[PDB]
Amino acid sequence: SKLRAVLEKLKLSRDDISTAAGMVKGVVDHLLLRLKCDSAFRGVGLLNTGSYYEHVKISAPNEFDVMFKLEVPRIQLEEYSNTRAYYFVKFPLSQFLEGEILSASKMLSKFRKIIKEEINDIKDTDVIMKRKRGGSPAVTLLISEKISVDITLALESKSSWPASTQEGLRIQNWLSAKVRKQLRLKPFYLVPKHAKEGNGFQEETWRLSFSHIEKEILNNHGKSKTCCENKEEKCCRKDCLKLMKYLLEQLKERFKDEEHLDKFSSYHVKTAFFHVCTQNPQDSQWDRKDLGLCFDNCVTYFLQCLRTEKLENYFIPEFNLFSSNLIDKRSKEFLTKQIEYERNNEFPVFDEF
Ligand SMILES: Nc1ncnc2c1ncn2[C@@H]1O[C@H](COP(=O)(O)OP(=O)(O)NP(=O)(O)O)[C@@H](O)[C@H]1O
Ligand SMILES: C[C@@H](C(=O)Nc1cc(Cl)cc(-c2ncc[nH]2)c1)N(C)C(=O)c1cccnc1C(=O)O
Ligand SMILES: [Mn+2]
Ligand SMILES: [Mn+2]
Ligand SMILES: [Zn+2]
C-alpha cells in the first residue's frame, strides 16, 4: 500500500495537463510552421515522443519531447568505427555537406539558430532557449519558466533498419513475432548526437533513435490486446516503470552534489524495464495485486545490470549502456550502494516525511 500511495502522489493533475498541453502545442506548432519557411527544413514534420506521450510522465507535466523529422531521399548510411549506434549520412541541403558527408553538427547548428531567432519574435508567451546541454541532440525551450520542451531534429529513413539492430527488439515471446515484423517495417531515425572521438567528438556523425518504437511498445504493452482496457486486465507494467523512474529521479536529486550519479538517466531504467518485460512476457506476471513483487523484480534486475556492468540497448544489443567506456565502475558501484540501501529499508526515499 506504500507503493500505491507513492503512485497516487505521482499522478499528473488534470488541470496541469490541460494548461501545459495548450501551451506546448501552441509554441511547437508555431515553430514548426516557421521552420517550414526555411529552404533547408521545408519538409519537416512533427512526432511526439517520450514519457508524456507514453503516459509515464510523473509528478508534473513539465517536460515534453518532440521530434522534428525530415525525410532525406536516397540516404546512404555508413557505420562509424564499429560503434553500432553512430553513423555517417551520405547523400537546399548542400549547405550541410562536408564532402559527400551530411554533417550532423552543421544541420543542428542551423536548426538551433532558426529556433533561437523565432522564439525571440514570440511576444505573446514567455519562451526562452536553455543553454546547450552536453551530448544532447535536442534544442531545449523553457515556457513560462516552468515547462521544458526538447525539440530534436531527426532524419527519417524508410529503409530497412541497420544491421546492428538484427538481433535487437526481442519481443517475440511477449508482443509476438508478427508485431516485431510490423515494427521493423516502420521508419527509423537519426538524431544529431555525435560519437566520441578521443577526448572530443566526431561532429559529422548521427545516432540511431527508436524513441517512436518505444512509444508504440509502451502504449500497446500487453500480450493481450485488451491489456489495461478493462477491470480484469489492469496490469502494473507502467506503474513499475513510473516507480523505477521516481527512484532514480529522487536519488539523483539527493546526491546531486556528488558527480557519481550525473551520467544516469531515465533511459537506463526504461531500457532495463523493457528487458524485464522480455523476461516476463505474460500479463499474468504483471498482475496489479502483485505490484510489490513486480517492482522488486524490476529493482533487482536493475541492480544486477549495475553489478555486471551490462545493460544492452534494447534495439542495438552490442551497444552496452553500462560499458565502462560510458560510465565509470565507481559510479555504477555508488548507484548500486544507494539502491541496495533503498531496497533493504523499504524505499525511504519515497517518503514525503
Ligand atoms: N541514452 C539514450 N539513448 C537512446 N535514446 C535515448 C537516450 N536518452 C533519451 N533517449 C530518447 O529520448 C527520449 C526523451 O528523453 P527523456 O526526456 O530524457 O526521457 P523520457 O523517456 O521522456 N523520461 P522523462 O522525461 O524523465 O519522464 C526517450 O524517451 C528516449 O526515446
Ligand atoms: C543523454 C541525453 C541524450 O543522449 N538524449 C537522447 C539520445 C538519443 Cl540517441 C536520442 C534522443 C531522442 N530521440 C528522440 C528524441 N530524443 C535523445 N539526454 C538524456 C538528454 O539530453 C536529456 C536530459 C534530460 C531530459 N531530456 C533529455 C532528452 O534527451 O530528451
Ligand atoms: Mn521526457
Ligand atoms: Mn527530454
Ligand atoms: Zn496492461
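Residues numbered from 1 in each chain as written, not as in the entry; some residues may be left out. Chains lettered and ligands numbered in written order. Heavy atoms only, no water.

For the protein chain, the name recorded in the PDB entry is Cyclic GMP-AMP synthase, with Homo sapiens as its organism. As deposited in the PDB, this entry carries the title "Crystal Structure of human cyclic GMP-AMP synthase (cGAS) in complex with compound 23; (S)-1-(6,7-dichloro-1-methyl-1,3,4,5-tetrahydro-2H-pyrido[4,3-b]indol-2-yl)-2-methoxyethan-1-one". Taken verbatim from the UniProt record of the protein chain, the Sequence similarities comment is "Belongs to the mab-21 family." (UniProt positions renumbered as here; feature names shortened; annotations may be inferred.)

### Brief notes about the site of ligand 2
In the region of ligand 2, 15 residues are neighbours, and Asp-65, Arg-133, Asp-150, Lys-193 and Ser-209 sit closest. Taking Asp-65, its side chain carries an N or O atom lying 3.0 Å from an oxygen atom of ligand 2. The side chain of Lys-193 places a nitrogen or oxygen atom 3.0 Å from an oxygen atom of ligand 2. Coverage of ligand 2 by the protein chains reaches 69% of its 600 Å² of free accessible surface. Elements represented by at least two residues in the shell around ligand 2 include exactly strand 2 (63-71), strand 9 (147-157) and strand 13 (206-209). Taken together, the residues of the shell around ligand 2 break down into 4 nonpolar, 5 polar and 6 charged. (Near = heavy atom within 4 Å. Polar contact = N/O pair within 3.5 Å; in protein donor to acceptor, adjacent residues only side chain to side chain. Areas by Shrake-Rupley, 256 points an atom, 1.4 Å probe, with all protein chains shown as cover. Helix = DSSP H or I, 4+ residues; strand = E, 2+ residues; numbered from the N terminus. Nonpolar A, V, L, I, M, F, W, Y, C, P; charged D, E, K, R; others polar.)

### Considering the domain arrangement of the protein chain
Domain boundaries in the protein chain define domain 1 (12-160 + 189-210) and domain 2 (221-353). Each of domain 1 and domain 2 has a C-alpha centre, and the two are 26 Å apart. Counting from both sides, the interface comprises 14 residues of domain 1 and, opposite them, 13 residues of domain 2. Summing the contributions of domain 1 and of domain 2, the shared interface buries around 1200 Å²; its carbon and sulfur component is 61%. When the buried area of domain 1 at its contact with domain 2 is split by residue, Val-56, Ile-58 and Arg-84 rank highest and sum to 43% of it. The tally of links from domain 1 across to domain 2 stands at 2 salt bridges. Between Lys-270 and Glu-54 there is a salt bridge, with the nearest N and O atoms lying 2.6 Å from each other. At the surface where domain 1 touches domain 2, the tally comes to 5 residue pairs in polar contact. Secondary structure elements with two or more residues in the side of domain 1 that touches domain 2: helix 3 (51-54) and strand 13. (Domains from an automatic or database assignment. Contact = heavy atoms within 4.5 Å. Buried area = accessible area lost by both parts, 1.4 Å probe. Salt bridge = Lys/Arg side-chain N within 4 Å of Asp/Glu carboxyl O.)

### Considerations on the site of ligand 1
Around ligand 1 lies a shell formed by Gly-50, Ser-51, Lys-57, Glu-63, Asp-65, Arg-207, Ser-211, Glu-214, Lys-245, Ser-266, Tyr-267 and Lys-270. Within the side chain of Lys-270, an N or O atom sits 2.9 Å from an oxygen atom of ligand 1. Against a free-state accessible area of 600 Å², the protein chains account for coverage of 71% of ligand 1. Secondary structure elements with two or more residues in the shell around ligand 1: strand 2, helix 6 (211-218) and helix 8 (266-279). Looking at the shell around ligand 1, the element that brings in the most residues is helix 8, giving 3 residues. For the shell around ligand 1, the class distribution of residues is 1 nonpolar, 4 polar and 7 charged. Two domains each put at least three residues into the shell around ligand 1: domain 1 (12-160 + 189-210) and domain 2 (221-353).

### Section: the environment of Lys-90
Topologically, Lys-90 is positioned in strand 4 (residues 86-90). Each C-alpha atom, one on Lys-90 and one on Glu-78, is 7.6 Å from the other, the two residues being 12 residues apart in sequence. Setting aside residues no more than four positions away along its own chain, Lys-90 makes contact with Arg-74, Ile-75, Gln-76, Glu-78, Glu-100 and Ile-101. Of the polar contacts made by the side chain of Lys-90, one reaches the side chain of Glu-78; its length is 3.0 Å.

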